[PDB]
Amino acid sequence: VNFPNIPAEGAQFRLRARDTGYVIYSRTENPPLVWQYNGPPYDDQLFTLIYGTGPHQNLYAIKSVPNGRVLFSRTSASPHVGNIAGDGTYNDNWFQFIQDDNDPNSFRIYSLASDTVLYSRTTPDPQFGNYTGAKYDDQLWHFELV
């Protein structure tokens, strides 16, 4: 089931992991360019959604407020999770927000392209990335409107 509370197109938000409380950032300098962060609110943690239409219906691109790049999640090459210019040129720029079946207030950030979800954990390494497999709590996210 699609997450029922997806931010309106163009509305800005942070993506915060339910359990770690860490947020995703997407920046242009100092790798990793996309990772998780536990610290002050900064602009590179701010995103908006591009609403998919046509074959992208019920999918979304996740666009950085300060730099305009969209997220990608892939398994073809490292890094698995990163950013790229544009507004969803590539298939792995498109995400589904899938409501958790036990906690209706959180969702997974799912890639149809790579059949992965994003995760945030404190251990083991890598502490942030994407994953194909069972439904763990460390895959659960919130939208945090700003």
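The numbering used is simple: start at 1 and walk along the sequence shown.
- In this entry, 85-93 has the higher mean Cα B-factor, the comparison being between 35-43 and 85-93.
- Of the two segments, 47-55 and 106-114, the one listed with the higher mean B-factor is 47-55 (C-alpha atoms only).
- The residue among 99, 64, 120, 28 whose C-alpha carries the highest B-factor in the deposited model is 28.
- For residue 6, the recorded CA B-factor ranks within the highest third of the chain. Only modelled residues enter the ranking.
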